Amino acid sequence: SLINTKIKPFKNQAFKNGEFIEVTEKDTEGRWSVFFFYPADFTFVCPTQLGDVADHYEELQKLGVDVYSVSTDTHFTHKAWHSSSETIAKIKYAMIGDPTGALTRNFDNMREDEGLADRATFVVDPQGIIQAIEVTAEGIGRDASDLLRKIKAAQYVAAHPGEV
């Protein structure tokens, strides 16, 4: 896996709370980040995983954690999904579009025969180092509460080296 490696440079458009923005690796420097990949917009399972992160987003932000969801759809499509779905409408974090697949390939997370990212979550520290990875097949679900736990533990170890 990519554990304990540094994230690679990237530049992507995103939809975030009603506007289009550009995100690059420079935006992650000095911050905690979650990169939350999923296969496709306008599908039936993904929203509740994304929705579960949205439910925890206020707490994450208090911990100084930025959240970026990523699929190979465009930011135009994310904006439409956000208007049309009430689960997605509660997302206030950045929804990155990755239609070249470059961000997804940076995280070695592309299904090449489908052109879609796998269901993978990466926790990245202020120095750009991947501290946790979770990947699941369809239907197995990613629990945002267990994600919060890992982030708090990763922040703890960073602040107090030499104990778990």
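Position 1 is the first residue in the sequence shown; the rest follow in order.
For the pair 127-135 and 43-51, the mean B factor over Cα atoms is greater in 43-51. Relative to one another, 1-9 and 155-163 have unequal mean CA B-factors, and 155-163 is the one with the higher figure. Note on the listed residues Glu114, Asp98, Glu58, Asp118: the highest Cα temperature factor in the record is that of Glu58. Per the deposited record, the Cα B-factor of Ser33 falls in the middle third when ranked against the other modelled residues of its chain.
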